[PDB]
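Below you will find one chain, with nothing else, as structure tokens; this is the form deposited in one PDB entry, and questions on how it binds or moves follow later.
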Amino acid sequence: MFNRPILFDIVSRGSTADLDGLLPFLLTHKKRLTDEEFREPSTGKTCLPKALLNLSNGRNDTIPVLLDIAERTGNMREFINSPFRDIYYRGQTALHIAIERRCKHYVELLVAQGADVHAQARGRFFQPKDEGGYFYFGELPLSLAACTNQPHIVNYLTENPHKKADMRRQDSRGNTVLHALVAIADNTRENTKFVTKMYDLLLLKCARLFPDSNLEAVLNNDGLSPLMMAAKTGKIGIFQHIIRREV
């Protein structure tokens, strides 16, 4: 039979073998993979995130199966965009996890299949450390991809045939991938190296697409541009780099 613990065990193990029977099961009992019986009741977590949080060499073969089953229970978009709903991981989705676990293949698979690319990770865990969080990257898939130094993913997200992430997008703070980048900045060599490269990457991309929407001009909720934000918060490295490319 199939209940939450059995389903989670199977996916946690990456066993596609054991998923045999699931589709007929759900079909005959009128169940879906998004039904409450199949989520962690605290967080609302489905078995999709469960799968992603148990990779093995960044593989969990049950993922493409779970997706196909959701498709076939008429349920795929809802399934993929099912968000954590608890105060701590609120808003997080399968897409966020694919990005953070650094697996481009699942990002592509997820995006191609309809993943909301502007889903905001809003919960405590995603806010700044000083505000009781763990890692702040501006909440959005793109900003996450940028902040964790994954240019290939960043390019995938901004130019793909399915759904492009708008770079002008802002989080709850009105922060932008640029703002996010400075928040990420910590002045150390390798940090400044990538943060800088990335900043340039996005700035040039946003100029070449959308010829006339200057992204540095988008202010945050504190009405700070990314430049001033760096300034105000001691981000020497990134700040100098911004100025360098003036007149």
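In this text, rigid core is short for the largest set of C-alphas that superpose within 1.5 Å between two forms. Note that residue numbering begins at 1 and tracks the sequence as displayed.
Form deposited in another entry: not shown, discussed below.
Relative to the superposed core, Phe126 undergoes a Cα shift of 2 Å or more between the shown form and the other one. Once both forms are overlaid on the rigid core, the distance between the two CA positions of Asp166 between the shown form and the other one is under 2 angstroms.
Taking the rigid core as fixed, one finds a CA shift for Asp86 of 2 Å or more between the shown form and the other one. The distance between the CA atoms of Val218 and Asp130 is at least 3 Å longer in that other deposited form than in the form shown here.
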